[PDB]
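As stored in entry.txt (compact mmCIF, C-alpha atoms):
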# COMPACT_ATOMS: atom_id res chain seq x y z
CA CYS O 2 91.00 116.39 92.67
CA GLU O 3 90.83 116.34 88.90
CA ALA O 4 92.87 119.05 87.12
CA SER O 5 92.35 120.64 83.72
CA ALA O 6 94.82 119.94 80.88
CA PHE O 7 95.91 122.87 78.68
CA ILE O 8 97.95 123.07 75.47
CA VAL O 9 100.55 125.82 75.78
CA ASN O 10 101.87 127.50 72.61
CA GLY O 11 104.16 130.32 73.78
CA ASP O 12 101.86 132.60 75.83
CA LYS O 13 98.61 131.04 74.56
CA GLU O 14 96.73 128.36 76.57
CA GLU O 15 93.89 126.29 75.20
CA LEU O 16 91.78 124.05 77.37
CA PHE O 17 92.22 120.47 76.15
CA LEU O 18 90.29 118.42 78.73
CA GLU O 19 88.64 119.26 82.04
CA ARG O 20 88.63 117.14 85.17
CA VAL O 21 91.41 114.77 84.07
CA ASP O 22 91.76 111.77 86.33
CA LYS O 23 94.31 109.54 84.52
CA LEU O 24 97.20 110.61 82.34
CA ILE O 25 99.11 107.70 80.72
CA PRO O 26 102.05 108.19 78.31
CA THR O 27 101.70 105.72 75.39
CA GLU O 28 103.48 105.15 72.04
CA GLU O 29 100.56 107.01 70.38
CA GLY O 30 100.68 110.03 72.76
CA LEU O 31 99.49 111.03 76.20
CA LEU O 32 96.23 109.29 76.92
CA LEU O 33 93.94 111.36 79.22
CA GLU O 34 90.80 110.05 80.88
CA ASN O 35 88.50 112.43 82.74
CA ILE O 36 86.21 111.61 85.68
CA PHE O 37 83.21 111.07 83.28
CA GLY O 38 85.19 108.39 81.35
CA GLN O 39 85.83 110.57 78.30
CA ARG O 40 89.24 109.83 76.72
CA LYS O 41 91.54 111.88 74.48
CA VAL O 42 95.02 111.18 73.11
CA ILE O 43 97.59 113.88 72.27
CA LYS O 44 101.17 113.74 70.98
CA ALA O 45 102.64 116.08 73.57
CA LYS O 46 105.04 116.35 76.44
CA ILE O 47 104.23 117.59 79.93
CA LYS O 48 105.61 121.11 80.32
CA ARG O 49 104.55 121.19 83.94
CA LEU O 50 102.10 120.07 86.56
CA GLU O 51 100.69 122.71 88.88
CA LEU O 52 98.46 120.57 91.04
CA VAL O 53 97.35 123.07 93.76
CA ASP O 54 96.15 125.29 90.90
CA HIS O 55 94.44 122.31 89.06
CA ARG O 56 96.63 122.61 85.94
CA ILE O 57 98.33 120.11 83.63
CA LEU O 58 100.35 122.03 80.99
CA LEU O 59 101.17 120.21 77.79
CA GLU O 60 103.30 121.20 74.77
CA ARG O 61 102.72 119.60 71.34
CA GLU O 62 105.47 117.59 69.60
CA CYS D 2 94.71 118.40 94.46
CA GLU D 3 98.28 117.73 95.48
CA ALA D 4 99.46 114.15 94.91
CA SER D 5 102.09 111.88 96.46
CA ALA D 6 104.86 110.70 94.07
CA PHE D 7 105.90 107.02 94.15
CA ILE D 8 108.72 105.10 92.42
CA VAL D 9 107.49 101.93 90.74
CA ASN D 10 110.26 99.31 90.45
CA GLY D 11 108.78 96.14 88.94
CA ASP D 12 105.84 95.39 91.26
CA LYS D 13 107.15 97.48 94.20
CA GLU D 14 106.00 101.00 95.05
CA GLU D 15 108.11 103.39 97.12
CA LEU D 16 107.05 106.76 98.46
CA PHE D 17 109.29 109.45 97.00
CA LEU D 18 107.65 112.74 98.02
CA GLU D 19 104.36 113.54 99.74
CA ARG D 20 101.88 116.09 98.53
CA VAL D 21 103.55 117.28 95.43
CA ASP D 22 102.35 120.58 93.98
CA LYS D 23 104.72 121.27 91.03
CA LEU D 24 106.31 118.74 88.71
CA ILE D 25 108.66 120.24 86.06
CA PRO D 26 110.57 118.02 83.61
CA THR D 27 114.15 119.37 83.18
CA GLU D 28 117.41 118.21 81.53
CA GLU D 29 118.56 116.95 84.92
CA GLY D 30 115.32 115.08 85.74
CA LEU D 31 111.84 115.73 87.05
CA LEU D 32 111.87 118.58 89.54
CA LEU D 33 109.16 118.12 92.23
CA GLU D 34 108.06 120.70 94.80
CA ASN D 35 105.57 119.78 97.52
CA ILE D 36 103.09 122.01 99.40
CA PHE D 37 105.66 122.39 102.30
CA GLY D 38 108.29 123.78 99.86
CA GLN D 39 110.42 120.64 99.88
CA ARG D 40 112.13 120.00 96.51
CA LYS D 41 113.55 116.83 94.94
CA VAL D 42 114.96 116.01 91.49
CA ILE D 43 114.72 112.52 89.97
CA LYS D 44 115.81 111.05 86.63
CA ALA D 45 112.51 109.33 85.86
CA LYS D 46 109.59 109.21 83.51
CA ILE D 47 105.92 109.39 84.45
CA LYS D 48 104.33 105.93 84.30
CA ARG D 49 100.96 107.35 85.10
CA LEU D 50 99.07 110.08 86.96
CA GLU D 51 96.04 109.09 89.05
CA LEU D 52 94.82 112.48 90.14
CA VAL D 53 91.51 111.48 91.81
CA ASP D 54 93.55 109.02 93.91
CA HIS D 55 96.33 111.59 94.68
CA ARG D 56 99.08 109.49 93.03
CA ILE D 57 102.00 110.28 90.68
CA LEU D 58 103.71 107.06 89.51
CA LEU D 59 107.27 107.37 88.34
CA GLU D 60 109.72 104.86 86.79
CA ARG D 61 113.47 105.51 86.96
CA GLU D 62 115.57 106.28 83.87
Once you've parsed the file, please lay out its structure as structure tokens.
Amino acid sequence: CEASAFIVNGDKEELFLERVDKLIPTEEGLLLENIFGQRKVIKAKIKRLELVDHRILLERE
Amino acid sequence: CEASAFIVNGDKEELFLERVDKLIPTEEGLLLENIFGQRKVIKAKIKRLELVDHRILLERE
């Protein structure tokens, strides 16, 4: 199943995109596409995937 | 949901670890832990996540 992506700044988490299907690193940033076909790009690295708990944790660069 | 990780070498795909739960980028490589508690480290980057299809695609170095 689709997992939610969050931006993590220290102890703060902000929801970035729900129900992410694809995550594709590009030269412009991480490109995320959710199950409804909505796309968002973010200059970030993956801090961690926690897939049982439906979480993609991203940190801005 | 948990995803299987595959190594993509050119056009070839090779199963690396089944049902991955955690994926944590480290200085020594991507640390993967599956739902059975099995752990593996690999010097690789994420080519792409396909979370609906339960796939993590990795490329070495």
All residues 9 Å or closer to residue 22 in chain D, all atoms listed in the file, same chain fewer than 2 positions away omitted, as an MDAnalysis selection string: (chainID O and resid 50:54) or (chainID D and resid 2:4 20 24 33:36 38)
Counting all atoms listed in the file, the residue of O:43, O:31, O:25, O:59 that sits nearest chain D: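 Distance minimum relative to chain D lands on O:25.
Using all atoms listed in the file, the protein and nucleic acid residues lying no more than 7 Å from residue 44 in chain O, apart from those fewer than 4 places from it along its own chain, are residues 29, 30, 31, 61 and 62 of chain O.
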Selected residue, from O:32, O:21, O:9, O:16, that lies nearest to residue 49 in chain O when counting all atoms listed in the file: O:9
Pairwise distance for CA of residue 7 in chain D and CA of residue 60 in chain D, rounded to one decimal in Å: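 Between CA of residue 7 in chain D and CA of residue 60 in chain D the gap works out to 8.6 Å.
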Please write out chain O, superposed on chain D by least squares over all C-alpha atoms matched in order, as a CSV table (one decimal) with C-alpha atoms, in the frame of the given file.
chain,number,residue,atom,x,y,z
O,2,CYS,CA,94.9,118.7,95.8
O,3,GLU,CA,98.5,117.6,96.2
O,4,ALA,CA,99.2,114.0,95.2
O,5,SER,CA,102.0,111.7,96.4
O,6,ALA,CA,104.8,110.6,94.0
O,7,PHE,CA,105.9,107.0,94.0
O,8,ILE,CA,108.8,105.1,92.3
O,9,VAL,CA,107.5,102.0,90.7
O,10,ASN,CA,109.9,99.0,90.2
O,11,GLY,CA,107.9,96.2,88.8
O,12,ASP,CA,105.3,95.5,91.6
O,13,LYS,CA,107.1,97.5,94.2
O,14,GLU,CA,106.1,101.1,95.1
O,15,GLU,CA,108.2,103.5,97.2
O,16,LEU,CA,106.9,106.8,98.4
O,17,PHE,CA,109.2,109.5,96.9
O,18,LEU,CA,107.5,112.7,97.9
O,19,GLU,CA,104.2,113.5,99.6
O,20,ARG,CA,101.9,116.4,98.7
O,21,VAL,CA,103.5,117.3,95.4
O,22,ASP,CA,102.3,120.6,94.0
O,23,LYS,CA,104.6,121.2,91.0
O,24,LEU,CA,106.3,118.7,88.7
O,25,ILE,CA,108.6,120.2,86.1
O,26,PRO,CA,110.6,118.1,83.6
O,27,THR,CA,114.2,119.5,83.4
O,28,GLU,CA,117.5,118.4,81.7
O,29,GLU,CA,118.6,117.1,85.2
O,30,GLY,CA,115.4,115.1,85.9
O,31,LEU,CA,111.8,115.7,87.1
O,32,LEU,CA,111.9,118.5,89.6
O,33,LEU,CA,109.1,118.1,92.3
O,34,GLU,CA,108.1,120.8,94.7
O,35,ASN,CA,105.7,119.9,97.5
O,36,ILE,CA,103.2,122.3,99.3
O,37,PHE,CA,105.8,123.0,102.1
O,38,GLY,CA,108.4,124.2,99.5
O,39,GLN,CA,110.6,121.0,99.8
O,40,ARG,CA,112.2,120.1,96.4
O,41,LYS,CA,113.5,116.9,95.0
O,42,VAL,CA,114.9,116.0,91.6
O,43,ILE,CA,114.8,112.5,90.0
O,44,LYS,CA,115.9,111.1,86.7
O,45,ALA,CA,112.6,109.3,85.8
O,46,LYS,CA,109.7,109.2,83.5
O,47,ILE,CA,106.0,109.5,84.4
O,48,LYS,CA,104.5,106.0,84.2
O,49,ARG,CA,101.1,107.4,85.0
O,50,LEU,CA,99.1,110.0,86.8
O,51,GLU,CA,96.1,108.8,88.8
O,52,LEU,CA,94.8,112.1,90.1
O,53,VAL,CA,91.5,111.0,91.8
O,54,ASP,CA,93.5,108.5,93.8
O,55,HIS,CA,96.3,111.2,94.6
O,56,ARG,CA,99.1,109.2,92.8
O,57,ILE,CA,102.0,110.2,90.5
O,58,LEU,CA,103.8,107.0,89.4
O,59,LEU,CA,107.4,107.4,88.2
O,60,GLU,CA,109.8,104.9,86.7
O,61,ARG,CA,113.6,105.5,87.0
O,62,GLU,CA,115.8,105.9,83.9
Using the atoms already present, construct N, CA and C atoms for range 8-40 of chain O and hand them back as a compact mmCIF listing (two decimals), in the frame of the given file.
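Resulting contents of result_3.txt:
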# COMPACT_ATOMS: atom_id res chain seq x y z
N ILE O 8 96.85 123.06 76.45
CA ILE O 8 97.95 123.07 75.47
C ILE O 8 98.56 124.46 75.49
N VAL O 9 99.87 124.54 75.68
CA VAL O 9 100.55 125.82 75.78
C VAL O 9 101.41 126.05 74.51
N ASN O 10 101.03 127.05 73.74
CA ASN O 10 101.87 127.50 72.61
C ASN O 10 102.37 128.92 72.91
N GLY O 11 103.60 129.04 73.37
CA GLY O 11 104.16 130.32 73.78
C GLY O 11 103.44 130.90 74.98
N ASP O 12 102.70 132.00 74.78
CA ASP O 12 101.86 132.60 75.83
C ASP O 12 100.38 132.21 75.76
N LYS O 13 99.99 131.49 74.71
CA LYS O 13 98.61 131.04 74.56
C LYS O 13 98.37 129.69 75.26
N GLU O 14 97.22 129.56 75.91
CA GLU O 14 96.73 128.36 76.57
C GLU O 14 95.38 128.01 75.99
N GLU O 15 95.20 126.76 75.57
CA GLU O 15 93.89 126.29 75.20
C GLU O 15 93.53 125.12 76.06
N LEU O 16 92.33 125.17 76.65
CA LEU O 16 91.78 124.05 77.37
C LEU O 16 91.70 122.82 76.46
N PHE O 17 92.25 121.71 76.93
CA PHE O 17 92.22 120.47 76.15
C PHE O 17 91.23 119.47 76.73
N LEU O 18 91.19 119.36 78.06
CA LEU O 18 90.29 118.42 78.73
C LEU O 18 90.14 118.82 80.22
N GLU O 19 88.91 118.87 80.68
CA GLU O 19 88.64 119.26 82.04
C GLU O 19 88.47 118.04 82.89
N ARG O 20 88.85 118.19 84.13
CA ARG O 20 88.63 117.14 85.17
C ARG O 20 89.32 115.83 84.81
N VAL O 21 90.58 115.92 84.38
CA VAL O 21 91.41 114.77 84.07
C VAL O 21 91.66 113.97 85.35
N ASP O 22 91.42 112.67 85.26
CA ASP O 22 91.76 111.77 86.33
C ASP O 22 93.08 111.08 85.98
N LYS O 23 93.09 110.28 84.90
CA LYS O 23 94.31 109.54 84.52
C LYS O 23 95.04 110.20 83.39
N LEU O 24 96.37 110.20 83.49
CA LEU O 24 97.20 110.61 82.34
C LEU O 24 98.28 109.53 82.16
N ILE O 25 98.29 108.90 80.99
CA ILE O 25 99.11 107.70 80.72
C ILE O 25 99.89 107.95 79.42
N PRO O 26 101.21 108.16 79.50
CA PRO O 26 102.05 108.19 78.31
C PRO O 26 101.97 106.86 77.55
N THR O 27 101.72 106.92 76.24
CA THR O 27 101.70 105.72 75.39
C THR O 27 102.54 105.98 74.16
N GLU O 28 102.73 104.95 73.33
CA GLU O 28 103.48 105.15 72.04
C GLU O 28 102.74 106.10 71.11
N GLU O 29 101.40 106.11 71.18
CA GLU O 29 100.56 107.01 70.38
C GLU O 29 100.37 108.43 70.95
N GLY O 30 100.93 108.72 72.12
CA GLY O 30 100.68 110.03 72.76
C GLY O 30 100.26 109.91 74.20
N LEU O 31 99.96 111.04 74.82
CA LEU O 31 99.49 111.03 76.20
C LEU O 31 98.02 110.70 76.15
N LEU O 32 97.62 109.63 76.83
CA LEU O 32 96.23 109.29 76.92
C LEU O 32 95.63 109.86 78.23
N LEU O 33 94.60 110.70 78.08
CA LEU O 33 93.94 111.36 79.22
C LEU O 33 92.56 110.81 79.38
N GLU O 34 92.17 110.48 80.62
CA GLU O 34 90.80 110.05 80.88
C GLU O 34 90.26 110.95 81.99
N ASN O 35 89.10 111.58 81.72
CA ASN O 35 88.50 112.43 82.74
C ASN O 35 87.56 111.65 83.66
N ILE O 36 87.05 112.32 84.70
CA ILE O 36 86.21 111.61 85.68
C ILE O 36 84.86 111.06 85.11
N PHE O 37 84.44 111.55 83.94
CA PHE O 37 83.21 111.07 83.28
C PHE O 37 83.48 109.91 82.31
N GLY O 38 84.76 109.55 82.17
CA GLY O 38 85.19 108.39 81.35
C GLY O 38 85.52 108.79 79.92
N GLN O 39 85.43 110.08 79.60
CA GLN O 39 85.83 110.57 78.30
C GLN O 39 87.35 110.50 78.13
N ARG O 40 87.80 110.00 76.99
CA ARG O 40 89.24 109.83 76.72
C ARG O 40 89.69 110.64 75.53
